[PDB]
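Asker: Pasting a structure below so you can have a look.
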Amino acid sequence: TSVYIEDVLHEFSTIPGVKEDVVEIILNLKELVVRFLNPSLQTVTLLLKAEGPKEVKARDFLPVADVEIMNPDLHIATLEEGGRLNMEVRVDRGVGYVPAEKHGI
Amino acid sequence: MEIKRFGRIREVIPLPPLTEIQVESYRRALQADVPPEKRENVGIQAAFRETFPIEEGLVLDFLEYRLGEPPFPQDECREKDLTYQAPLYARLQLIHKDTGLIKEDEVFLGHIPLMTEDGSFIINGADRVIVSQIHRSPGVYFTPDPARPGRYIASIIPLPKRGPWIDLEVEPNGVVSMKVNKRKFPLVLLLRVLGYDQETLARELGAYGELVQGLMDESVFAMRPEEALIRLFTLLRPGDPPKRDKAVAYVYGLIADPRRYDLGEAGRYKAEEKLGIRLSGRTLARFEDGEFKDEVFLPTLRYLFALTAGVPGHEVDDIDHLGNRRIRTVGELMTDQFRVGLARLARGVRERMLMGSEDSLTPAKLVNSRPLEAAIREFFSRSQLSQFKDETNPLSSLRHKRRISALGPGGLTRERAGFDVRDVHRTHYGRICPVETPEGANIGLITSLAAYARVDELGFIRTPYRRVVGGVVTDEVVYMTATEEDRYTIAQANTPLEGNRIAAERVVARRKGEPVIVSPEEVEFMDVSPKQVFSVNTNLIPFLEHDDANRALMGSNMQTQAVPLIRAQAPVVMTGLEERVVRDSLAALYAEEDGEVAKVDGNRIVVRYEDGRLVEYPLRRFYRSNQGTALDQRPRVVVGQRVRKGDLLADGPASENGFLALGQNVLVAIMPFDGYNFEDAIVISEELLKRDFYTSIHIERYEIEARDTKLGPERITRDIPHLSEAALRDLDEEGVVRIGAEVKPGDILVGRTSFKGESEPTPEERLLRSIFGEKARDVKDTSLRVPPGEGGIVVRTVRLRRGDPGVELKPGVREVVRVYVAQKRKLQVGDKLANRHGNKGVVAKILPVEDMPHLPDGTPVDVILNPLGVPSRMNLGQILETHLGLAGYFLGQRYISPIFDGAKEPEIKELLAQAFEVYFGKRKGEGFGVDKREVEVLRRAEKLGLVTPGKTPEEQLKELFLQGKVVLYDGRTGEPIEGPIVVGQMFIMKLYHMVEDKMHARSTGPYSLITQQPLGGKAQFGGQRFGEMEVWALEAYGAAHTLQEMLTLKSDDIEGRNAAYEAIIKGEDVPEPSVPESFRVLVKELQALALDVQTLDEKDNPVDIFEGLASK
Amino acid sequence: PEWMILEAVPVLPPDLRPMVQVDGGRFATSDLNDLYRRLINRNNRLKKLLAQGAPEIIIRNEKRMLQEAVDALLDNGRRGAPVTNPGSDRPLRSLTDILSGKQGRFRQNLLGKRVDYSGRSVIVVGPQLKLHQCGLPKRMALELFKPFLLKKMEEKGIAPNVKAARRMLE
Amino acid sequence: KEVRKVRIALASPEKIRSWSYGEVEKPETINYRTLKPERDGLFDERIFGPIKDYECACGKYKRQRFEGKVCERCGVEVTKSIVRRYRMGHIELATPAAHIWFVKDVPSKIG
Amino acid sequence: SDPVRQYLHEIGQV
Amino acid sequence: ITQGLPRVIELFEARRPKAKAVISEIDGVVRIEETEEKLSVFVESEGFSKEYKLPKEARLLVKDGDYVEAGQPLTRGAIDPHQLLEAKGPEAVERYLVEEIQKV
Amino acid sequence: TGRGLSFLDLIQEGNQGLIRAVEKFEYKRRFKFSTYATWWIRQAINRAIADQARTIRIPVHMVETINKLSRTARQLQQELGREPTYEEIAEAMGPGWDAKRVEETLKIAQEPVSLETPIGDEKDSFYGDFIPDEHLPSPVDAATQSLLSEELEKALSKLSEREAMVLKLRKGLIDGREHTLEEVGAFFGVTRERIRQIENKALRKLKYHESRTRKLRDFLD
DNA sequence: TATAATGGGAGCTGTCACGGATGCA
DNA sequence: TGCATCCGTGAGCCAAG
Ligand SMILES: Nc1ccn([C@@H]2O[C@H](COP(=O)(O)CP(=O)(O)OP(=O)(O)O)[C@@H](O)[C@H]2O)c(=O)n1
Ligand SMILES: [Mg+2]
Ligand SMILES: [Mg+2]
Ligand SMILES: [Zn+2]
């Protein structure tokens, strides 16, 4: 439900060394399936650091306990020589389809 | 995917380079890669040669010109609101006749704008496109006299602005009249002035029946040539002294002056072919050895007499033949304005040559460039033919560039636009597309260049044909004019060929348009392709042959209006054109030689070529097109990829792997849906928004100036009086909004203070101020806020100040600030969708997915189009497009069905069968029988005669699938739709007409200076227009009071509107109106016309509606 | 009958032919002013040419030019060439022009007007309405009825006064 | 008094002058530096009226206290500025001139 | 008709 | 095959139509007199005789020696409303105009 | 021609110069008449072109300066291959000329533009049909002045009729103008210190009411 | 304030239908 | 009295521009 990328100010950006643009990256992160093992848990903030020639998939997120990434193969970004990514993507519980223009998280 | 491709016709030649009509023409007019001395006397060289030399004593001649390099590159001009252009220098020299002194100098004439690679310009920062003009070719014509059946009019027509129209009529009185500058006189006189003599005219024109006697006027041959010339001069300049040198001057300027009269190279050639003569220059006569020698007048006269007698080999001219109508491309249009500015410069030359030191005169001191700089600036900025570039999507730009208008300077006025002009003349075949043109007043006046068509040196439109000799179809392709084309029998591109020979006893051909069945013995040529008949847009329409022309027009034009989507898809059913279009439009980037790809970035792609070099292609990313759609390129290779010359490196906007992606492939069901798709409205599934289909990115530009005022300076400041830090959160120290912020209507984007003026405080102000102990500040809040119903994310700020380097603003301006605001636009209720067969409609309802009709395997349809849209409209193409799209949904393939050479029904049914097996044998294996609901629908299908009685559920379902129809469940209930329904993949686009741009409301707001009525239009926060016909509506209802509100309280009754606003905010019923102000304006404007308008009471005693204020 | 001949030529009140500064501080102005300026210069040069006793040829020329100035002011284009402002092809807009036509005072501002409390947007079927209803976007309504909303906002608690409520929807 | 008819008649020179608030003697509009109306020109406040509500041109009179008052120092009445839409000027011709409506509207009424 | 031709003629008299 | 909008405008504007029908000014009786090269129709009253010269190929609606009312049509074609008015009076034009407009 | 006056206007101003030359000619110098006449004819044409050609009239010496500026800039462009900046023009202009002066002179030389300038390429639009009238109060503005007046009187009523009337006299709500303390004191028959003091207490009580009710704040901005 | 200088230039064009005033035989 | 010819006037609404 929300993404912070370092050195990124808003959704309409590029990151040097990354093939994808922020718009595509969030389009990818939309797909990401996150299983909450603990039932009382409402929100998690996955951290990610990555760099160097590397096709960052979803596995590359820092593990958190009581949290399982069900599609780790899911591609996220393509990085080339000296391209750095550093994200904090927040995953919430909720019901229905709630568009960004309506929760502003 | 695999791309199955249909078609039998093989296409000898590719589509010619699609912006050649622009790029070539400008090149030709500039001759800028040509070394000076090697230039031809065309384009701006020809303009120079026409103006110079300039005489009178002092002579100023012209050697050569040169065009330097652009002071700034294209991107830079686009940002700095500049003009991409080149410096213009001309080496000129002064000569004194007597003295022989020759002082020489390269003088600078200002700048000329340069055409960009893709064929457009950049004027004061905005891309513009110069549209080609269509007009009547210069030449000599014979048209029938419409009053007098057996008589005809010769018309001698020059280029626009390079001569007068001349008519030659045979009067009912026998004498042959020439009409010139609207004066009819006996042609005999001019014939005399030419050195002609009743001997020569008698022997030349005696043949023709009794006509030549109407040319015999003895009172004319009585005079020597000079006496005749002076008779004519008095006849054409009544009163002007018939001085000898003066009359020779006037007549020469009328008929022989090559710097005043000009047929085209076209007017020349056309007359040459028509009258069977040869011209010397480009005028009607010459001055040789002291006298006037004829070139065109007698040939035209002989042709006229022969047409009137009945001599074989003479006919009138179809003035709408595309052999008698030619195109003025960008170079010709710009050159004409060049010619003009030069003439004005020449007047300034002669002026300064008359007075001032006639020894200390250089070319620089004689040449004011400004006439020419002004003429050019005019032609690019305020011409009718200089249009704001339509770069909605790449295809829109391309199509714009290939437009043809009949309008504009020197063209038809909308009042002079009859039928025949707008007709689809037979010779439009292969040249002008008979479909792409607007519905409305401009029907048939704005047209599109056909796809294979080309414009030749003379300006005529040519189209290509294969040569056919003894039934062999060569690969020798001839481009013809229509005068050429009219000579041959030409078979149709689809006629069947074994090998290279015509394998048909009877073949379909044209002679002079006329359709004709002929033997391959008679076949002299054959069409290149069906593609050759239509415009690019029309060519982008699969199954075009199944669509009535009226809706194909709408599919054609509407493609122009497709918004580039963030997830654009090439259509599941293409025409083959979709790739070349992305290429020629410069959408994408391609590999310039074979190479290995070094680097790949959001912003750049670096390629290592076979010469060991390194090219760094930078990507345009999230730039704002003329219409605010996002022009943005994405990298489509990755580090290490080996790429051949011409391999795709970056997809443009509306490009998917180098294919034109104007929309999405959605899953349609064609059925009514509870009125929500009434009268062309469309239902969509929320899934489309969820997975971000039909989402587009737009950027608005916001500008502000802080200037120097009589009353002090405006300044861009964070320190804006009377605002809370609430109002200021997102403003950097200098008052400009912060990149990143979300900005909503009412938000400040750029702060600004302006000084208050003679704000003599009203006593209420003084007392209120005292009560509150706050001085009213010097300045006031004039910041640039967000207009109603606009907003988004700030993505760049540009700031230019006075005193900053490189920067100089218009006088008085202290600083300019621009703020760009981007927005992701989801599809919403009231946005417009269209398909390529003219099916168009607004989105009327977005159901959640569980209400959407679904297939039995649980899959919801994406879009529900009402069938009632089909029969009246007769565009069956979309139907076929859906059936094919059904198959490619389950086989997992796209398709290429060329127009008139496409997938036929039985092949589509082959494919549907393969699909059905994929769609149903799946279910059989997974262990499920035919559902009970499917049995019910099958029963209903059996009564409808759509399946055969007796076969099995699988047999019958396959029978339906072959007809494009599938069992469909109503997700509301789970009961099945009583019949099987047409469901498949359709290519549907989101046109530029989004409701976010259109919705608008006004309580009260700005009024106008003289009328005190409300301004008009969203941008001005204006009021709707309640016109004469709306007034009639109210009159015919008898809503006198509602009517009277519109005429008074709701506009331009000042007292009444102020009073009404106060009453409504105080809960008081609204006052009675008083006199509308614009009536007081009428009274006064009549007074200004010396008319006394006088309001009276029943006693016939004046009433003052100016409440005293106008009487003494 | 003589009143069909002009001695005193009236002049329209300036607000009906303004000289306005626009956003940029530049000046825009209506053509009548250049028509009157033509007129007044020619009239004045005539009063002087009379004082200084000029020949007939010259006085006659001036008088002709004076009549044509009046002609352009009143019905430019009617007789002869229409007066253009320098270096343009556009005729100047005269009082007759202001009056007459699809664009003139009557048809353009008197038999029909722009109006307040009015809006425009795209339409959409809405098959749920009953015959007597229409769906109206909220934001449209808020602006269309804005004064009523300021009032009702004050009647309830939603703002102290009209001016505050109006600040609250900005 | 309620409006019931609307009459329209030819205008006599004396009626045109009766409407007028001053002959416009000069072709000037506004001063290129002050941006104020020139005297005896097409925008003079002396003829057509005050530009600002109840404030004369030079400055001496600036409130509604003085209504109808004509300033001695600058000649501008102190009324509502609205009158600048309503107060006719006039011009006096050295030779009388034809009203083209009554000349070129055929059949010419004069002819 | 053309008020300049008119004056060029009247000039052409003296 | 229709006339459409222009015919309506030809009527509301009360225009003498191009292809007008010649109508009898008066009552009378028909005497046809057709040379191989010229043609004319005479309407003869008890002591008044009117002659109507019309081109050779124009259709008639009068068999010879018939009794016709003032303003009846002799040619096929559209009646000049003004001639109908002068011949037959306002009620006749009113009928004519209303019926023709409604035909369109 | 071209310079802002019709051919005929030029001719007539030239005839004015002809009259001047005649009354000032001296045949004894033995010159033909044309030689002397051309000086005055030129002078009269040029004085007309300077005096009349601008809808905003510019003194002739200023017009001369503006033309000098035009021509200097043209020279500078003819040698610079581009347009001159304000600084280059000031340099070539001499001393006494800086960039700010060139810019003010340009600003002053700006000629106005027609309110009937065509917008679009139909016949149904006018520039300045987009120019909103800033002068006449808006209906909000006007309603807001009425609500102010009414709420100021509402506050003043909570004073004694003398303190209310004294404040009304002093600020101008009565007769337009402000009164001196000596005037209000002669009208109410007190000392000017006394009327200053009752004014002070009137304002004290109005400030107290506006603390306790908040009924005047929003109008102030 | 003085050599002599002595009559202009750009037209610009693919309608059409009507009504009502001038122009002729 | 009858025609041909000539000049002037008109040619849909709203929207954005
Ligand atoms: N220039 C214009 C353009 C549009 N309009 C108006 O908009 C409508 C377009 O109809 P339309 O032909 O586009 C469709 P519709 O009428 O529903 O029939 P169909 O669907 O079976 O094809 C017209 O009927 C007019 O009311 C106008 O007055 N002038
Ligand atoms: Mg993208
Ligand atoms: Mg300097
Ligand atoms: Zn004063």
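Just so we're on the same page: first chain in the structure tokens is A, next is B, and so on; residues restart at 1 for each chain, and ligands are numbered from 1 in the order they show up.
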Which neighbours of residue 3 (chain C) fall inside 7 Å, counting only C-alpha atoms (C1' of nucleotides), when residues of the same chain fewer than 5 positions from it are skipped, and could you give them as a VMD selection string?

Answerer: chain D and resid 10 to 12

Asker: Select all residues from chain C having any atom no more than 10 Å from an atom of chain E (counting only C-alpha atoms, ignoring ligands), output as a list in words.

Answerer: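 Here they are: residues 57, 58, 60, 61, 64, 65, 68, 79, 80 and 81 of chain C.
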
Asker: Restricting it to N, CA, C and O atoms, dump the selection as a short mmCIF file (atom, residue, chain, number, x, y, z; two decimals), in the first residue's frame.

Answerer:
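Saved as again.cif:
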```cif
data_model
loop_
_atom_site.label_atom_id
_atom_site.label_comp_id
_atom_site.auth_asym_id
_atom_site.auth_seq_id
_atom_site.Cartn_x
_atom_site.Cartn_y
_atom_site.Cartn_z
N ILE C 57 -7.50 73.25 -53.96
CA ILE C 57 -7.10 71.86 -54.11
C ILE C 57 -6.87 71.22 -52.75
O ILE C 57 -7.37 70.12 -52.45
N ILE C 58 -6.16 71.93 -51.89
CA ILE C 58 -5.76 71.37 -50.60
C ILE C 58 -6.96 71.28 -49.66
O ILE C 58 -7.19 70.24 -49.03
N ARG C 60 -10.05 71.06 -50.42
CA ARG C 60 -10.96 70.05 -50.95
C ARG C 60 -10.48 68.66 -50.58
O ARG C 60 -11.28 67.82 -50.12
N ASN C 61 -9.19 68.38 -50.79
CA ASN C 61 -8.65 67.08 -50.41
C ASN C 61 -8.93 66.79 -48.95
O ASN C 61 -9.46 65.72 -48.61
N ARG C 64 -12.58 65.85 -48.33
CA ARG C 64 -12.84 64.48 -48.76
C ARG C 64 -12.36 63.48 -47.72
O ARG C 64 -13.09 62.57 -47.31
N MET C 65 -11.11 63.66 -47.26
CA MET C 65 -10.53 62.79 -46.25
C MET C 65 -11.30 62.85 -44.94
O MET C 65 -11.39 61.85 -44.22
N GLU C 68 -14.42 60.71 -45.37
CA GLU C 68 -14.10 59.29 -45.31
C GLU C 68 -13.72 58.85 -43.90
O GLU C 68 -13.99 57.70 -43.53
N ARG C 79 -18.49 52.40 -47.76
CA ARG C 79 -17.96 52.98 -48.99
C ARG C 79 -16.45 52.79 -49.10
O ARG C 79 -15.70 52.96 -48.13
N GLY C 80 -16.01 52.44 -50.31
CA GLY C 80 -14.61 52.35 -50.64
C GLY C 80 -13.88 51.27 -49.86
O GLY C 80 -14.44 50.28 -49.40
N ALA C 81 -12.57 51.49 -49.74
CA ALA C 81 -11.73 50.55 -49.01
C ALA C 81 -12.01 50.65 -47.51
O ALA C 81 -12.33 51.73 -47.00
#
```

Asker: Go through D:111, D:68, D:41, D:27 one by one, measure the shortest atom-to-atom distance of each to chain B using only C-alpha atoms, and give the residue with the smallest value.

Answerer: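 Looking at the shortest contact to chain B, the residue is D:68.
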
Asker: Distance CA of residue 52 (chain D)-CA of residue 81 (chain D), one decimal place?

Answerer: 5.3 Å

Asker: Under the rule that only C-alpha atoms (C1' of nucleotides) are counted, which of H:24, H:17, H:12, H:5 is the nearest residue to chain B?

Answerer: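 Using only C-alpha atoms (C1' of nucleotides), chain B sits closest to H:12.
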
Asker: Can you pull out every residue within 10 Å of residue 142 (chain C), counting only C-alpha atoms (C1' of nucleotides), but drop anything in the same chain fewer than 5 positions away, and send it as a VMD selection string?

Answerer: (chain B and resid 1001 to 1003) or (chain C and resid 137 147 to 150 169)

Asker: Generate a file of the selected residues that holds N, CA, C and O atoms, formatted as a compact mmCIF listing (two decimals), in the first residue's frame.

Answerer:
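Listing of selection.txt after writing:
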```
# COMPACT_ATOMS: atom_id res chain seq x y z
N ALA B 1001 -18.44 24.03 -13.60
CA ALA B 1001 -19.61 24.71 -13.06
C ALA B 1001 -19.21 26.09 -12.55
O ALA B 1001 -18.07 26.30 -12.13
N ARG B 1002 -20.16 27.03 -12.57
CA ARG B 1002 -19.87 28.38 -12.13
C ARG B 1002 -21.05 28.94 -11.34
O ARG B 1002 -22.16 29.04 -11.87
N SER B 1003 -20.82 29.32 -10.08
CA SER B 1003 -21.83 30.12 -9.40
C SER B 1003 -21.81 31.55 -9.93
O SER B 1003 -22.74 31.98 -10.60
N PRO C 137 -23.24 15.54 -10.77
CA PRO C 137 -22.02 15.42 -9.96
C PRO C 137 -22.02 16.36 -8.76
O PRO C 137 -22.41 17.52 -8.87
N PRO C 147 -24.06 29.84 -3.30
CA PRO C 147 -24.59 30.74 -2.27
C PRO C 147 -25.56 30.06 -1.32
O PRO C 147 -25.51 30.32 -0.11
N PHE C 148 -26.46 29.22 -1.83
CA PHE C 148 -27.36 28.49 -0.94
C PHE C 148 -26.57 27.66 0.05
O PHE C 148 -26.98 27.50 1.21
N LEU C 149 -25.43 27.13 -0.38
CA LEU C 149 -24.62 26.30 0.49
C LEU C 149 -23.91 27.13 1.55
O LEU C 149 -23.78 26.70 2.69
N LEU C 150 -23.45 28.34 1.19
CA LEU C 150 -22.91 29.24 2.20
C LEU C 150 -23.95 29.51 3.27
O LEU C 150 -23.68 29.34 4.47
N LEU C 169 -14.46 26.37 1.33
CA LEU C 169 -14.56 25.59 0.11
C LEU C 169 -13.53 25.97 -0.94
O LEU C 169 -13.46 25.30 -1.98
```

Asker: So which residues are near ligand 3, meaning at most 8 Å away with only C-alpha atoms (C1' of nucleotides) and all ligand atoms counted, given back as a VMD selection string?

Answerer: chain G and resid 87 89 to 99

Asker: How close does chain G get to chain B? List, as a tab-separated table, each residue of chain G within 8 Å, its nearest atom pair and the distance in Å to one decimal, counting only C-alpha atoms.

Answerer:
```
residue	atom	partner	partner_atom	distance
G:74	CA	B:368	CA	7.9
G:77	CA	B:108	CA	8.0
G:78	CA	B:108	CA	5.5
G:79	CA	B:108	CA	7.7
G:81	CA	B:108	CA	6.4
G:82	CA	B:110	CA	7.0
G:85	CA	B:808	CA	7.3
G:103	CA	B:811	CA	5.4
G:104	CA	B:811	CA	7.2
G:106	CA	B:811	CA	6.6
G:107	CA	B:811	CA	5.6
G:121	CA	B:384	CA	6.9
G:129	CA	B:1008	CA	6.7
G:130	CA	B:1015	CA	6.4
G:131	CA	B:1008	CA	6.6
G:132	CA	B:1008	CA	5.1
G:133	CA	B:1009	CA	4.9
G:138	CA	B:1005	CA	7.6
G:139	CA	B:1058	CA	4.5
G:140	CA	B:1061	CA	7.3
G:142	CA	B:1058	CA	6.6
G:143	CA	B:1062	CA	5.2
G:148	CA	B:764	CA	7.5
G:149	CA	B:764	CA	6.7
G:152	CA	B:764	CA	7.4
G:167	CA	B:767	CA	7.9
G:171	CA	B:763	CA	5.7
G:172	CA	B:763	CA	5.2
G:173	CA	B:763	CA	5.5
G:176	CA	B:763	CA	7.4
G:203	CA	B:771	CA	6.5
G:206	CA	B:771	CA	6.6
G:207	CA	B:771	CA	5.9
G:220	CA	B:768	CA	7.1
G:221	CA	B:722	CA	5.9
```

Asker: When the cut-off is 6 Å and we count only C-alpha atoms, which residues of chain C are near chain B, given as a VMD selection string?

Answerer: chain C and resid 10 to 12 16 111 to 121 124 127 140 143 to 144 147 to 148 151 170

Asker: Put those residues in a file: N, CA, C and O atoms, as a short mmCIF file (atom, residue, chain, number, x, y, z; two decimals), in the first residue's frame.

Answerer:
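Below you can see again_1.cif, which holds the result:
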```cif
data_model
loop_
_atom_site.label_atom_id
_atom_site.label_comp_id
_atom_site.auth_asym_id
_atom_site.auth_seq_id
_atom_site.Cartn_x
_atom_site.Cartn_y
_atom_site.Cartn_z
N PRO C 10 -20.96 62.61 -32.44
CA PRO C 10 -20.88 62.17 -31.04
C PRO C 10 -19.71 61.21 -30.85
O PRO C 10 -19.22 60.57 -31.78
N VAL C 11 -19.27 61.13 -29.60
CA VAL C 11 -18.22 60.21 -29.20
C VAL C 11 -18.74 59.28 -28.10
O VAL C 11 -19.38 59.74 -27.14
N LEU C 12 -18.48 57.98 -28.25
CA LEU C 12 -18.99 56.98 -27.34
C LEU C 12 -18.27 57.07 -25.99
O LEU C 12 -17.09 57.43 -25.94
N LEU C 16 -16.96 52.03 -22.89
CA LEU C 16 -17.51 51.20 -23.96
C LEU C 16 -16.54 51.00 -25.12
O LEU C 16 -16.91 50.43 -26.15
N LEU C 111 -30.17 39.20 -27.45
CA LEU C 111 -31.15 38.15 -27.66
C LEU C 111 -30.72 36.82 -27.06
O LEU C 111 -31.39 35.81 -27.28
N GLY C 112 -29.61 36.82 -26.32
CA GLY C 112 -28.94 35.66 -25.74
C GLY C 112 -27.64 36.09 -25.08
O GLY C 112 -26.96 37.01 -25.56
N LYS C 113 -27.27 35.45 -23.97
CA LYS C 113 -26.22 35.94 -23.09
C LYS C 113 -25.52 34.75 -22.50
O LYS C 113 -26.10 33.66 -22.42
N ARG C 114 -24.28 34.94 -22.05
CA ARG C 114 -23.77 33.95 -21.10
C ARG C 114 -24.47 34.16 -19.76
O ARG C 114 -25.08 35.19 -19.52
N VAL C 115 -24.45 33.14 -18.91
CA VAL C 115 -25.22 33.20 -17.68
C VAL C 115 -24.42 32.62 -16.53
O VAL C 115 -23.55 31.76 -16.73
N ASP C 116 -24.73 33.08 -15.31
CA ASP C 116 -24.20 32.53 -14.08
C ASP C 116 -24.99 31.28 -13.68
O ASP C 116 -25.98 30.91 -14.32
N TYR C 117 -24.57 30.63 -12.60
CA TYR C 117 -25.19 29.41 -12.10
C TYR C 117 -25.43 28.41 -13.24
O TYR C 117 -26.55 27.96 -13.50
N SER C 118 -24.34 28.09 -13.93
CA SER C 118 -24.47 27.24 -15.09
C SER C 118 -23.21 26.44 -15.22
O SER C 118 -22.13 26.87 -14.79
N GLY C 119 -23.36 25.25 -15.80
CA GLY C 119 -22.28 24.30 -15.97
C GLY C 119 -22.42 23.45 -17.21
O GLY C 119 -23.31 23.65 -18.03
N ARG C 120 -21.56 22.46 -17.35
CA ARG C 120 -21.46 21.68 -18.57
C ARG C 120 -20.69 20.45 -18.19
O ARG C 120 -19.67 20.56 -17.49
N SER C 121 -21.17 19.28 -18.59
CA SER C 121 -20.31 18.11 -18.51
C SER C 121 -20.82 17.02 -19.43
O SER C 121 -21.84 17.16 -20.11
N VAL C 124 -24.29 10.50 -19.59
CA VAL C 124 -24.11 9.10 -19.26
C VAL C 124 -25.51 8.60 -18.95
O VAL C 124 -26.33 9.33 -18.37
N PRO C 127 -29.74 4.43 -16.28
CA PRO C 127 -31.08 3.89 -16.47
C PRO C 127 -31.86 3.68 -15.18
O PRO C 127 -33.01 3.22 -15.23
N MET C 140 -20.00 19.65 -9.23
CA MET C 140 -20.86 20.53 -10.01
C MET C 140 -21.91 21.20 -9.12
O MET C 140 -22.03 22.42 -9.12
N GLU C 143 -20.75 23.92 -6.68
CA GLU C 143 -20.53 25.24 -7.28
C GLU C 143 -21.83 25.86 -7.80
O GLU C 143 -22.09 27.04 -7.59
N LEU C 144 -22.68 25.07 -8.45
CA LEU C 144 -23.92 25.61 -9.00
C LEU C 144 -24.77 26.27 -7.94
O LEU C 144 -25.37 27.32 -8.17
N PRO C 147 -24.06 29.84 -3.30
CA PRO C 147 -24.59 30.74 -2.27
C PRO C 147 -25.56 30.06 -1.32
O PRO C 147 -25.51 30.32 -0.11
N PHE C 148 -26.46 29.22 -1.83
CA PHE C 148 -27.36 28.49 -0.94
C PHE C 148 -26.57 27.66 0.05
O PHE C 148 -26.98 27.50 1.21
N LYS C 151 -25.17 29.87 2.85
CA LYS C 151 -26.27 30.06 3.79
C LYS C 151 -26.46 28.85 4.69
O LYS C 151 -26.29 28.93 5.91
N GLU C 170 -12.75 27.04 -0.70
CA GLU C 170 -11.70 27.46 -1.62
C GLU C 170 -10.72 26.33 -1.92
O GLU C 170 -10.07 26.34 -2.97
#
```

Asker: Which value, in Å to one decimal, gives the distance between CA of residue 325 (chain B) and CA of residue 137 (chain B)?

Answerer: 5.0 Å

Asker: Mind checking DSSP for region 610-845 of chain B and telling me the strand (DSSP E or B) residues as JSON, numbers by chain?

Answerer: {"B": [614, 615, 616, 617, 618, 623, 624, 629, 630, 631, 634, 635, 642, 643, 648, 649, 650, 651, 655, 656, 659, 660, 663, 664, 665, 666, 667, 668, 669, 670, 682, 683, 684, 685, 696, 697, 698, 699, 700, 701, 702, 703, 704, 705, 706, 707, 708, 709, 712, 713, 715, 731, 736, 737, 742, 743, 748, 749, 750, 753, 754, 755, 779, 780, 781, 784, 785, 792, 793, 794, 795, 796, 797, 798, 799, 800, 801, 802, 804, 813, 814, 815, 816, 817, 818, 819, 820, 821, 822, 823, 824, 825, 832, 833, 834, 835, 840, 841, 842, 843, 844, 845]}

Asker: Within 8 Å of ligand 1, counting only C-alpha atoms (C1' of nucleotides) and all ligand atoms, which protein or nucleic acid residues do you find, written as a count of residues only?

Answerer: 9

Asker: Quick one: which residues from chain B are at most 7 Å off chain D, using only C-alpha atoms, as a PyMOL selection string?

Answerer: chain B and resi 1084+1090-1098+1103+1109-1111

Asker: What residues have any atom no more than 7 Å from ligand 2 when counting only C-alpha atoms (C1' of nucleotides) and all ligand atoms, and can you list them as a list in words?

Answerer: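 Residues lying within 7 Å of ligand 2: residues 21, 23 and 24 of chain A; 566 and 567 of chain B.
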
Asker: Neighbouring residues of ligand 4 are defined here as those with any atom at most 7 Å from a ligand atom, counting only C-alpha atoms (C1' of nucleotides) and all ligand atoms; list them as number ranges by chain.

Answerer: D: 56-61, 71-76
